[PDB]
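> Questions regarding the structure given below will be posed in turn.
What follows draws every value from the coordinates through simple rules; no lab data is involved. For neighbour counting, all protein chains shown are included, and Cβ atoms are generated from backbone atoms with ideal geometry for every residue, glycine included.
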Amino acid sequence: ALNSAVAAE
Amino acid sequence: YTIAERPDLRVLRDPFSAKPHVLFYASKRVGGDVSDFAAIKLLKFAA
């Protein structure tokens, strides 16, 4: 999904 | 009701457009309204 690792999403 | 459509969902992955992102682009195409107006009747709740 969108935005790897760094975000909770 | 006539559902006229193209019977495939095309998925195109784009590693070329954005570099760290794959950006899956999926699409399918479809359409329709009523072809025979007599073939559907409705219920109405006013009076």
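> Once you list every other residue whose beta carbon is under 15 Å from the beta carbon of B:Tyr1, what net charge do they have if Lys and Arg are +1 and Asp and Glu are -1?
Net charge in that neighbourhood comes out at -2.
> Rounded to the nearest 0.05, what FRET efficiency do B:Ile40 and B:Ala4 have when you use their Cβ-Cβ distance and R0 = 22 Å? Before the final figure, lay out each step's value.
On the way: r = 17 Å, r/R0 = 0.78.
Taking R0 as 22 Å, the efficiency between B:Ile40 and B:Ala4 is 0.80.
> If you wrap a convex hull around the C-alpha atoms of chain B and split its volume per residue, what is the figure in Å³?
In chain B, the Cα convex hull volume per residue is 126 Å³.
> If you don't mind, there's one more thing I want to ask. May I ask for the Kirkwood hydrodynamic radius of the protein assembly as shown, worked out over all distinct Cα pairs and given in angstroms to one decimal?
Numbers: mean 1/r = 0.0620 Å⁻¹.
Every distinct Cα pair counted, the radius reaches 16.1 Å.
> Ok, one more. Can you spot the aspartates and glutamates whose alpha carbon is less than 12 Å from B:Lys28's alpha carbon? Ignore those fewer than 8 places along the same chain.
B:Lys28 reaches B:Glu5, B:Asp8.
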